[PDB]
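K.L.:
Please find one structure pasted underneath; my questions will follow.
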Amino acid sequence: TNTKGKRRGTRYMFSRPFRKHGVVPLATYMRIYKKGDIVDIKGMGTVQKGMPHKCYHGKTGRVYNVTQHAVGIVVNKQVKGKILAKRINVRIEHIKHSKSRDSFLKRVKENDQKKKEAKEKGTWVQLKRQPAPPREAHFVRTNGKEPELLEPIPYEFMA
Amino acid sequence: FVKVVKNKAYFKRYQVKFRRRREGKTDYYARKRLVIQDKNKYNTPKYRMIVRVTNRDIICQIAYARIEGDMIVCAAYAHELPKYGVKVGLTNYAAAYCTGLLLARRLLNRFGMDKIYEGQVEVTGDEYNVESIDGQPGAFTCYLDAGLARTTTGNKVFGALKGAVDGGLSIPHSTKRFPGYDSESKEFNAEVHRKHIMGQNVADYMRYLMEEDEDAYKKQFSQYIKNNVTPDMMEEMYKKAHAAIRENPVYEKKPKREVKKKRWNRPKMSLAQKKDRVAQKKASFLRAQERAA
Amino acid sequence: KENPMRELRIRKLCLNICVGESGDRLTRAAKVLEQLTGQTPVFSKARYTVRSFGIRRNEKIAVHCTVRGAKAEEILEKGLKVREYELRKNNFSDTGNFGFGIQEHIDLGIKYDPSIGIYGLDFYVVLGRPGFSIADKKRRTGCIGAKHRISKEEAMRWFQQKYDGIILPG
RNA sequence: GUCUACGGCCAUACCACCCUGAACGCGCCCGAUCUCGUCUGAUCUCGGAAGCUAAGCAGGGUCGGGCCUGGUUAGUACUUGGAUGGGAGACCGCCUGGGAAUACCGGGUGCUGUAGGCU
RNA sequence: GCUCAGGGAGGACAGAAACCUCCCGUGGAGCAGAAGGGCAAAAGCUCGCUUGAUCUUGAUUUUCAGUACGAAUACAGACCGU
Numbered sequence: 002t003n004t005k006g007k008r009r010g011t012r013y014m015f016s017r018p019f020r021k022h023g024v025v026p027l028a029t030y031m032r033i034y035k036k037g038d039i040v041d042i043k044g045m046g047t048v049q050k051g052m053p054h055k056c057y058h059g060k061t062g063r064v065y066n067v068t069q070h071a072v073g074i075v076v077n078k079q080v081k082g083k084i085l086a087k088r089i090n091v092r093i094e095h096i097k098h099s100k101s102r103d104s105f106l107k108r109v110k111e112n113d114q115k116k117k118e119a120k121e122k123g124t125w126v127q128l129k130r131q132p133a134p135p136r137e138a139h140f141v142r143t144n145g146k147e148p149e150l151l152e153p154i155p156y157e158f159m160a
Numbered sequence: 003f004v005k006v007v008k009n010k011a012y013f014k015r016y017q018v019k020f021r022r023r024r025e026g027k028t029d030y031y032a033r034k035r036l037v038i039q040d041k042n043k044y045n046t047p048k049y050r051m052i053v054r055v056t057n058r059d060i061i062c063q064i065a066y067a068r069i070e071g072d073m074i075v076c077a078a079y080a081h082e083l084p085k086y087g088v089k090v091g092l093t094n095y096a097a098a099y100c101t102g103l104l105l106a107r108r109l110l111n112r113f114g115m116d117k118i119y120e121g122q123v124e125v126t127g128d129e130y131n132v133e134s135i136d137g138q139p140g141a142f143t144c145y146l147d148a149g150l151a152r153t154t155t156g157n158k159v160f161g162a163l164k165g166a167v168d169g170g171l172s173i174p175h176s177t178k179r180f181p182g183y184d185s186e187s188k189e190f191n192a193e194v195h196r197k198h199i200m201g202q203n204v205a206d207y208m209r210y211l212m213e214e215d216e217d218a219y220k221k222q223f224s225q226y227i228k229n230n231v232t233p234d235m236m237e238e239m240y241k242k243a244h245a246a247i248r249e250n251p252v253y254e255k256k257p258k259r260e261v262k263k264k265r266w267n268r269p270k271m272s273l274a275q276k277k278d279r280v281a282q283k284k285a286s287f288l289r290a291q292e293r294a295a
Numbered sequence: 008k009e010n011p012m013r014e015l016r017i018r019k020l021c022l023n024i025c026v027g028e029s030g031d032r033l034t035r036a037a038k039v040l041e042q043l044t045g046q047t048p049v050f051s052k053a054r055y056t057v058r059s060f061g062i063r064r065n066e067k068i069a070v071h072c073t074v075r076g077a078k079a080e081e082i083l084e085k086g087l088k089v090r091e092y093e094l095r096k097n098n099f100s101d102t103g104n105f106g107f108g109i110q111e112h113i114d115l116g117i118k119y120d121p122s123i124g125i126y127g128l129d130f131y132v133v134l135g136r137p138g139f140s141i142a143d144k145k146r147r148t149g150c151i152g153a154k155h156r157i158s159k160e161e162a163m164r165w166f167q168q169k170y171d172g173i174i175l176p177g
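Protein chains in written order, with UniProt numbering: chain A, 2 to 160; chain B, 3 to 295; chain C, 8 to 177.
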């Protein structure tokens, strides 16, 4: 039986990177988290105030509360069969915004603009996407010169 | 021999500190407590008053910090007192007070807050604080960045706080550092604080030296004799300089002068040319070797 | 010929006496360094316990006295009457700070007091140049170049030429 | 071009020597009557403007050490899935896809806001 | 406010080791204790002052039946420190 002991098997999890100990750089501090925003979690060793438990490290989850020093945030997390989603409070250093939540807010600008413009002249503007379709025929022009005869190579010992 | 300390290893593992520490100016510990804002206020910027006192002069900016990097809403320096009838006295406790009052009356000139909040016209020399009225725009509530200035009961950085509050700002402050405060008896003196602001602490050292002998009067108060600044027009003059700040606060600049277009500093030598420098050094060592032998 | 900003002045004159007793033997080592200078010296304390001499943890040992400036040539010139205007080629360090001392205090000019006594002393001048200052201030500190550093070859010629002294190997 | 005040990213920015600084900055500097602190106006606080680019700082320099980013190592090591494949075992062949790191050889050597100037 | 483990070259008796200096130094020290993390104008050395180690209703994390204790996180209201 292993131990219970909140920071167990975090020997390399809450560490710092090589040539990155020391002072907390200051931009980290000064970016406004709003309610709703989607966010991803990653403990930091430098500040022992405000950590999440080792299980939520790695995950992702939207915000529901803002105060002086923290944010309250909703994640999912398994357990045996079922999925309990749950409210955990964390200090700001152990957090970034979520970064596949702004490739959607700039294609929605491209999708809104080209169904109001391109309508008054007369063309249908396909905004839906399709996964890589199967390629079609093409010519391959030799230019006087030719291909190469790759015979394979005979064994030799090398030690 | 001794081991060498700084060998290949040493550098491989090195972590340099931030730039502004290597240079040696910013103190991050305090900055971090100073610059930032409590999340449940969002953007609603925090405000400071920077003060610095250079060798020959004084500087007074005001700022709030953005992520891209902090922004100076307004600056009134101590090299512009040449334009308010002040020929000398540009580094001193008395001229920390004018460069603090220039900043306040210039910032209240820039947002439509001229008539609201006057502060003080008479220099009394005691604890003062700015209220907020009904049905009018409110007061400024910034803080004091002190830099790396040992903060002791007598220091010109505090001269610049008291300059801005008497103009019309609501900065939180204390009289435990303002000159005159007897730290032994524990009461705050009024008219020893007033003697240092107008500039009669510099007046004692003209009559003390000249009555003793004419030797140390020469190197010390030399540009005082040069511009005609006697001890009689010492308090006659520093009551004139606090009226032109109130009358004419707004800033006026020079035009951008025409460019000759010439090179002073050296450009970075080229890949080719650095290679040009290592087939002539190698070759000319080996010709003079056959010349020597 | 030379620039006027390199004038190798004297910075400080460190003076101390080492005794090894706690009582009336230590207080009389501060009276000898107060009849010459004119400023009271501070008593120091220890690092650890090695009974072979016998100075317990934080039991008092030595007493020191720095003075600079106008009082950096009146005391130092008295000590060179007792050292007869000479040093050895193993008294200089490898920055450029020259070390010497004397056996007793009376011939420096101080009169013998019956109860205080006589105590040997341990001189140390510290050379410099306007701008070693830099490396000590709070605000914007730096180092001090290499053409500005003193060597073991600019503390020698400064001594033998002005005072008409002598220095000998071994 | 360049520099000051306050910065964001934190070595393409650090370290060792060496060659250049014109105007305005910024500094070494000279004081200790008052404010403030020292065994010592050295530092810390305060007043000034006789002296010089020697230094801190800036630009450049170096078959320089590091740091950052390519090429070799290499489709070599490892691998998901697979067949009633070989072999006494150890372990190793092919099937279907994912693919690492030195040594050795290249080149680069800080960008960039907010606000006052100077050529 | 101040910077260490340790290293070199100097100095009266003083020596391997008493204490004074100048230069080199990414922490090789230190932070009550097992061991891992974390920290250099400090979380470490030294002074100054003090007692948020005070009273009080809820949310949450951890072990989990998503019950108890134990211990932990993020707020609100007193009166206080510096």
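Even for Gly, the Cβ is constructed at its ideal location relative to N, Cα and C.
Of all the CB atoms in chain B, is at least one closer than 8 Å to the CB of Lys-145 of chain C?
P.N.:
Within the third sequence, numbered from 1, the residue matching residue 145 of chain C stands at position 138. Yes, contact with chain B.
K.L.:
Verify the CB distance criterion: does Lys-221 of chain B have a CB-CB separation below 8 Å to chain C?
P.N.:
Indexing the second sequence from 1 puts residue 221 of chain B at position 219. It does not; no Cβ of chain C falls within 8 Å.
K.L.:
Three or more C-beta pairs under 8 Å: does that hold for the region 71-83 of chain B against the region 166-184 of chain B?
P.N.:
Output reads no: the region 166-184 of chain B does not touch the region 71-83 of chain B.
K.L.:
Are the C-beta atoms of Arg-17 of chain A and some chain B residue less than 8 Å apart?
P.N.:
Taking the first residue of the first sequence as 1, we reach residue 17 of chain A at position 16. No - not a single Cβ of chain B is within 8 Å of the one on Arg-17 of chain A.
K.L.:
Who does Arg-95 of chain C pair with in a DSSP beta bridge?
P.N.:
Counted from its first residue, the third sequence places residue 95 of chain C at position 88. In DSSP, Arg-95 of chain C forms a bridge with C:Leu-175.
K.L.:
If you draw a straight line from the C-alpha of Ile-123 of chain C to the C-alpha of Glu-111 of chain C, how long is it?
P.N.:
Taking the first residue of the third sequence as position 1, residue 123 of chain C is located at position 116. Taking the first residue of the third sequence as position 1, residue 111 of chain C is located at position 104. Computed Cα separation, rounded: 13 Å.
K.L.:
Using only the alpha-carbon positions, how far apart do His-195 of chain B and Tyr-210 of chain B sit?
P.N.:
The residue labelled residue 195 of chain B in the question sits at position 193 within the second sequence. The residue labelled residue 210 of chain B in the question sits at position 208 within the second sequence. Cα-Cα distance, rounded: 21 Å.
K.L.:
With 16 as the cutoff for other CB atoms within 10 Å, does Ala-218 of chain B come out buried or exposed?
P.N.:
As a working note, residue 218 of chain B is residue 216 in the second sequence. Classification of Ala-218 of chain B: exposed, given that the 10 Å Cβ count is below 16.
K.L.:
Hey, would you say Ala-98 of chain B sits closer than 8 Å to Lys-158 of chain B, going by beta carbons?
P.N.:
Position 96 of the second sequence, counted from the start, is the residue given in the question as residue 98 of chain B. Position 156 of the second sequence, counted from the start, is the residue given in the question as residue 158 of chain B. Cβ distance < 8 Å, so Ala-98 of chain B and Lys-158 of chain B count as in contact.
K.L.:
For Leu-134 of chain C, report the span of its beta strand (DSSP E) as first-last.
P.N.:
Locating residue 134 of chain C in the third sequence gives position 127, counting from the first residue. Looking at the DSSP string, the run of the beta strand (DSSP E) that includes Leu-134 of chain C is 131-134.
K.L.:
What did DSSP end up calling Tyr-145 of chain B once you bin it into helix, strand or coil?
P.N.:
For the purposes of this step, residue 145 of chain B is taken as the residue at position 143 of the second sequence. In the structure shown, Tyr-145 of chain B sits in a strand (DSSP, three-state: E or B).
K.L.:
Is the beta carbon of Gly-44 of chain A sitting closer than 8 Å to the one on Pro-53 of chain A?
P.N.:
In the first sequence, the residue the question calls residue 44 of chain A occupies position 43. In the first sequence, the residue the question calls residue 53 of chain A occupies position 52. It is a contact, given that the beta carbons lie within the stated cut-off.
K.L.:
Using beta-carbon positions only, say whether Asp-147 of chain B and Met-51 of chain B come within less than 8 Å of one another.
P.N.:
Here residue 147 of chain B refers to the residue found at position 145 when the second sequence is read from its first residue. Here residue 51 of chain B refers to the residue found at position 49 when the second sequence is read from its first residue. Against a cut-off of 8 Å, the Cβ pair of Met-51 of chain B and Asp-147 of chain B comes out as a contact.
K.L.:
Within 10 angstroms of its Cβ, does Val-167 of chain B collect 16 or more other Cβ (buried), or is it exposed?
P.N.:
The sequence position of residue 167 of chain B within the second sequence is 165, counting from 1. It counts as buried.
K.L.:
Along the chain, which unbroken stretches of the beta strand (DSSP E) at least 3 residues long are found entirely within the region 82-125 of chain A?
P.N.:
The qualifying runs are 85-92.
K.L.:
Closer than 7 Å by beta-carbon distance: list the chain B residues that pair up with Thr-148 of chain C, in chain order.
P.N.:
Residue mapping note: residue 148 of chain C aligns to position 141 of the third sequence, counting from 1. By Cβ distance, chain B contributes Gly-26.
K.L.:
So the beta strand (DSSP E) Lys-78 of chain A belongs to, where does it begin and stop?
P.N.:
For the purposes of this step, residue 78 of chain A is taken as residue 77 along the first sequence, with counting starting at 1. Per DSSP, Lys-78 of chain A belongs to the beta strand (DSSP E) from 71-78.
K.L.:
Pick helix, strand or coil for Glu-189 of chain B, following the three-state DSSP scheme.
P.N.:
Position 187 of the second sequence, counted from the start, is the residue given in the question as residue 189 of chain B. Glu-189 of chain B falls in the strand class under three-state DSSP.
K.L.:
Where does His-71 of chain C sit, in a helix, a strand or coil, going by DSSP?
P.N.:
On the third sequence, position 64 is the one that residue 71 of chain C refers to. It is a strand residue.
K.L.:
For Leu-128 of chain C, which residues does DSSP report across the bridge?
P.N.:
Stepping through the third sequence from its first residue, residue 128 of chain C is reached at position 121. The partner list for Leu-128 of chain C (beta bridge, DSSP) reads C:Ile-109.
K.L.:
Starting from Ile-69 of chain B, find everything on chain A with Cβ-Cβ shorter than 7 Å and list it in chain order.
P.N.:
The residue labelled residue 69 of chain B in the question sits at position 67 within the second sequence. Near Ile-69 of chain B (Cβ distances below 7 Å), the residues of chain A are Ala-28, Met-31, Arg-32.
K.L.:
Which whole-angstrom value describes the C-beta separation of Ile-96 of chain A and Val-76 of chain A, a residue pair presumed to lie in contact below a C-beta threshold of 8 Å?
P.N.:
Position 95 of the first sequence, counting from 1, holds the residue named residue 96 of chain A. Position 75 of the first sequence, counting from 1, holds the residue named residue 76 of chain A. Rounded, the Cβ-Cβ distance is 12 Å, inconsistent with contact.
K.L.:
Report the three-state DSSP secondary structure of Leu-15 of chain C (helix, strand or coil).
P.N.:
Here residue 15 of chain C corresponds to residue number 8 of the third sequence, with the count starting at 1. In this structure, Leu-15 of chain C counts as coil in the three-state DSSP scheme.
K.L.:
Around the Cβ of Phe-142 of chain B, are there at least 16 other Cβ atoms within 10 angstroms (buried) or fewer (exposed)?
P.N.:
As a first step, residue 142 of chain B is located in the second sequence; it is residue number 140 there, counting from the start. Burial call: buried.
K.L.:
Taking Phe-19 of chain A as the reference, which of B:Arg-15, B:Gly-114, B:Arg-22, B:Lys-19 has the closest Cα?
P.N.:
As a first step, residue 19 of chain A is located in the first sequence; it is residue number 18 there, counting from the start. Measuring from the Cα of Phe-19 of chain A, the nearest candidate turns out to be B:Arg-15.
K.L.:
Measure how close the beta-carbons of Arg-146 of chain C and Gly-182 of chain B come, nearest whole angstrom, since I'm counting them as under 8 Å.
P.N.:
As a working note, residue 146 of chain C is residue 139 in the third sequence. As a working note, residue 182 of chain B is residue 180 in the second sequence. That pair is no contact at about 27 Å.
K.L.:
Counting only Cβ pairs nearer than 7 Å, list the residues of chain B close to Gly-37 of chain A.
P.N.:
The residue you call residue 37 of chain A lines up with position 36 of the first sequence. Near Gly-37 of chain A there are no residues of chain B at all, since even the closest Cβ is about 13 Å away, more than 7 Å.
K.L.:
Between B:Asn-111, B:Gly-121, B:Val-90, which lies nearest to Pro-251 of chain B when the distance is taken from Cα to Cα?
P.N.:
Taking the second sequence and counting its residues from 1, one reaches residue 251 of chain B at position 249. It is B:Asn-111 whose Cα lies nearest to the Cα of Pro-251 of chain B.
K.L.:
Would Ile-61 of chain B pass as an interface residue toward chain A - the criterion being a Cβ-Cβ separation below 8 Å?
P.N.:
Working through the second sequence from its first residue, we reach residue 61 of chain B at position 59. No, no contact with chain A.
K.L.:
According to DSSP, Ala-77 of chain B sits in a beta bridge with which residue or residues?
P.N.:
Counting from 1 along the second sequence, the entry for residue 77 of chain B is found at position 75. Answer by DSSP bridge pairing, in chain order: B:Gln-63.
K.L.:
For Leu-150 of chain B, decide whether its Cβ has a neighbour in chain C, counting only Cβ atoms nearer than 8 Å.
P.N.:
If you number the second sequence from 1, residue 150 of chain B lands on position 148. Cβ-Cβ to chain C under 8 Å: yes for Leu-150 of chain B.
K.L.:
Mind pulling the chain B residues with CB within less than 8 Å of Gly-23 of chain A?
P.N.:
Reading the first sequence from its first residue, position 22 is the one you call residue 23 of chain A. Near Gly-23 of chain A (Cβ distances below 8 Å), the residues of chain B are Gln-17, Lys-19.
K.L.:
Who are the neighbours of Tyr-44 of chain B on chain A, taking C-beta pairs under 7 Å?
P.N.:
Looking up residue 44 of chain B in the second sequence gives position 42. Chain A residues near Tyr-44 of chain B: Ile-33.
K.L.:
Can you tell me which residues form a DSSP beta bridge with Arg-54 of chain B?
P.N.:
Your numbering for residue 54 of chain B matches position 52 in the second sequence. Its beta-bridge partners are B:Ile-61.
K.L.:
Can you tell me the Cα-Cα spacing of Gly-106 of chain C and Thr-232 of chain B, whole angstroms?
P.N.:
Residue mapping note: residue 106 of chain C aligns to position 99 of the third sequence, counting from 1. Residue mapping note: residue 232 of chain B aligns to position 230 of the second sequence, counting from 1. Near 52 Å, if we compare the C-alpha coordinates of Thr-232 of chain B and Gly-106 of chain C.
K.L.:
Any beta carbon from chain B within less than 8 Å of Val-67 of chain A's own beta carbon?
P.N.:
Numbered from its first residue, the first sequence carries residue 67 of chain A at position 66. True, the Cβ-Cβ gap to chain B drops below 8 Å.
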